[PDB]
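To start, the structure itself, in structure tokens.
Read-outs: derived from the displayed coordinates by stated rules, not from any lab. Every residue, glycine among them, receives a Cβ derived from its backbone with ideal geometry; neighbour counts consider all protein chains shown.
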Amino acid sequence: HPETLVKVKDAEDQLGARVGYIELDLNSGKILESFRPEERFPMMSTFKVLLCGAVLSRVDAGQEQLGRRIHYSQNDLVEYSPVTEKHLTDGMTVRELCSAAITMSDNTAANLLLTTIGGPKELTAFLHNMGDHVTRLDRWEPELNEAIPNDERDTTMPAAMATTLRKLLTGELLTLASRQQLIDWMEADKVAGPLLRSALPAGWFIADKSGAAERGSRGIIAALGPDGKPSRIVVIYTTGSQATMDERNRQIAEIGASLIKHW
Ligand SMILES: *[B]([O])([O])[C][N]C(=O)/C(=N\OC([C])([C])C([O])=O)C1=[C]SC([N])=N1
Ligand SMILES: [K+]
Ligand SMILES: [K+]
Ligand SMILES: [K+]
Ligand SMILES: [K+]
Ligand SMILES: [K+]
């Protein structure tokens, strides 16, 4: 609804930085509303969902096992690894690593998973192979969060990310069991409270993944809908703002409140 674009454009005004947005019908794939849908924005941690998508694809093909255990060390740890820093002694399984990467946005967990698939180059090849000729991962944690202005490395477009998430959650790309595992991890997301979740009505469903990076970068991808079932996909990205993390969270939350009100 146009009233939500009032809030989205107001957000760009208030943050003094570009905001990208897109609301997509989950079933039909129809773009319901958008703003700067085909401009690039740093993906930040939202790529962790595509990473686990690639891992689940390998699992389905018999090239990976969710129960496989990976051992790592203190020197493997990078900034913000709330879960992995607690399992140095006995390691973690691939499944436990995706849970940490998606639900807590654990950076070391993401790097360990990236390593299992061949690195950023292979995640990007996986994406292109499934029809996303825009989204690209080029670096590892922490560098992929640099958000250099005009840099295409580690970026996506709101439209491309929405379509990709749609295929990942509902297409034949992944088996039913695997696609459910992916959305189960997103639904259990624990670090995106101040965002869309703060505007979700009682009884509604949401599976999401947030992101934060340098230069005011913030964003979130989500599948949400009434009566415990997702029916639309929402993608919101912003970069360039000098606003505080709270101000950025509030704007995303207010965009959420508007799209819910006009559902
Ligand atoms: B992903 O985008 O969620 C990974 N994000 C981060 O590692 C960064 N911040 O995450 C914490 C510390 C949890 C936060 O408070 O948002 C991050 C990387 S570069 C930067 N300025 N922030
Ligand atoms: K509409
Ligand atoms: K429209
Ligand atoms: K160890
Ligand atoms: K330990
Ligand atoms: K900063």
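If you check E85 against the conditions, is it away from ligand 6 (no atom under 16 Å from the Cβ), outside any loop (DSSP other than H, G, I, E, B) and not hydroxyl-bearing (S, T, Y)? Please lay out each step first, then the result.
Working: away from ligand 6 (no atom under 16 Å from the Cβ): yes; outside any loop (DSSP other than H, G, I, E, B): yes; not hydroxyl-bearing (S, T, Y): yes.
Yes, satisfied.
Give the range 51-82 a look and list any residue that's within 16 Å of ligand 5 (Cβ to nearest atom) and surrounded by fewer than 19 Cβ atoms within 10 Å (Cβ to Cβ), or say none. Break it down into steps so the answer makes sense when it comes.
Of all residues in the range 51-82, those within 16 Å of ligand 5 (Cβ to nearest atom) come to 69-77, 81-82.
Selection gives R69, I70, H71, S73, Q74, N75, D76, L77, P82.
Test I252 against the stated conditions and say whether it is under 19 Å from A162 (Cα atoms), over 17 Å from the mean Cα position of the chain (by Cα) and touching a residue at least 12 places away in the same chain (Cβ under 8 Å).
Details: under 19 Å from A162 (Cα atoms): yes; over 17 Å from the mean Cα position of the chain (by Cα): no; touching a residue at least 12 places away in the same chain (Cβ under 8 Å): yes.
So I252 fails the test.
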Filtering the range 64-117 down to residues that are basic (K, R) and over 18 Å from the mean Cα position of the chain (by Cα) yields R68, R69, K86
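Look through the range 172-194, keep the residues that are over 15 Å from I102 (Cα atoms) and touching a residue at least 24 places away in the same chain (Cβ under 8 Å), and return whichever of them is surrounded by the most Cβ atoms within 10 Å (Cβ to Cβ). I'd like the intermediate steps shown before the answer.
Keep residues of the range 172-194 that are over 15 Å from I102 (Cα atoms), which gives 172-177, 194.
Subsequent filtering for residues that are touching a residue at least 24 places away in the same chain (Cβ under 8 Å) retains 173-175, 194.
Numbers: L173: 19, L174: 22, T175: 14, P194: 15.
By that ranking, first place goes to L174.
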Pairs with Cβ under 6 Å, 6+ apart, first in the range 81-104 and free of Cβ contacts under 8 Å to residues at least 24 places away in the same chain and closer than 22 Å to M43 by Cα, second away from ligand 2 (no atom under 16 Å from the Cβ) and assigned to a helix (DSSP H, G or I): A100/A109
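Being within 16 Å of ligand 6 (Cβ to nearest atom) and not charged (D, E, K, R) narrows it down to one residue among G20, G16, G29, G53; which is it?
Working: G20 fails: within 16 Å of ligand 6 (Cβ to nearest atom); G29 fails: within 16 Å of ligand 6 (Cβ to nearest atom); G53 fails: within 16 Å of ligand 6 (Cβ to nearest atom).
So the residue among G20, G16, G29, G53 that is within 16 Å of ligand 6 (Cβ to nearest atom) and not charged (D, E, K, R) is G16.
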Inside the range 205-237, can you point out the residues that are assigned to a strand (DSSP E or B) and either within 13 Å of ligand 6 (Cβ to nearest atom) or over 16 Å from the mean Cα position of the chain (by Cα) (or both)? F205, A212, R218, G225
Among the residues of the range 109-126, write down those that are in contact (Cβ under 8 Å) with a residue 60 or more places away in the chain and within 14 Å of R58 (Cβ to Cβ). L113, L114, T116, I117, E122, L123, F126
So, in the range 30-44, of the ones that are assigned to a loop (DSSP other than H, G, I, E, B) and within 14 Å of ligand 2 (Cβ to nearest atom), which residue ends up nearest to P158 (Cα to Cα)? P37
For the range 100-138, which positions are in a helix (DSSP H, G or I), surrounded by fewer than 21 Cβ atoms within 10 Å (Cβ to Cβ) and among the small types (G, A, S)? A125
